[PDB]
């Protein structure tokens, strides 16, 4: 991708020369945990991992973090400093700086994702972007601190304002209105860096329709995100297979035939109607449950622009980051095997045709 920040135009993400580009990467989680740094540095070197990502055709790293990362003085834990000698004596944020810096040198971009408030493993137990101790005020101010820190670094292209706010609502104006909260944090971040992409995930349910956490983007049609800087909003659904949860739209034979219409109903319509870009922030599978393959086959085809999954498709297709680069995800696994080095080729076969080239 051409150097400099990005922008949106219709359902397209454009580089600094007006050319449509595509973000096709992986999730590298860990910085939201108690260690305060992305996982795997207890056995791998951080430059070797980024090079391996780029060598597999990926160009984007979604990096989850926790609010607690921005206020802790604890040193990072777990890093093997024999294998990562350049990270010796660095703070948790300084290790993030090192990772972002090298990723830009390797031709990759970075999306920061507020995964949770406290240090933990996955999605916030609250289903919200705040709790009784980590306020929405501090969440907004923390996004301003991050925007300031990477204001002059176009490697950091976008802010994923919050991971899966499945207990928020799309509208209503109250304290749990995720659309209001996202517009508040988006404008606060854009006031410091107006060149950031503002990545807004969906909720969990909307007018009685329940979908994957983060993948319920049905509210955009009647109440879209409106920020004080134009051409910055990217919508980010999450989608997963039967092995993660036995959803009703996976049940019964011929379920795969109705998956394209299901993708379009919850979030895909935003791209098809040229409303805004679509960047699915999470999706993964171990490819053991046979229904998982039917889902991934339909999903990858839909993301490519084959909205009816028949075979027919100067714009780019939908952007995406796979869950995960890490192997240590219990339900989905990742791109790397448990040894944190071996590539799972059976997943790469699905991903390579929809990577940005």
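Numbering follows the first chain given and starts at 1.
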query: Unresolved deposited residues lying between neighbours residue 313 and residue 314; finding: 4 to 9
query: Selected stretch [higher average CA B-factor]: 90 to 98 or 254 to 262; finding: 254 to 262
query: Selected stretch [higher average CA B-factor]: 297 to 305 or 48 to 56; finding: 297 to 305
query: Which of 281, 120, 78, 208 ranks first by CA B-factor in the deposited coordinates; finding: 208
query: Deposited CA B-factor, highest of 155, 82, 247, 236; finding: 247
query: Position of residue 116 among the chain's modelled residues by C-alpha B-factor, lowest, middle or highest third; finding: lowest
query: Chain thirds of CA B-factor: placement of residue 17; finding: middle
query: Third assignment of residue 1 from its chain's C-alpha B-factors; finding: highest
query: Third assignment of residue 329 from its chain's C-alpha B-factors; finding: highest
query: Relative C-alpha B-factor of residue 136, binned into the chain's lowest, middle or highest third; finding: middle
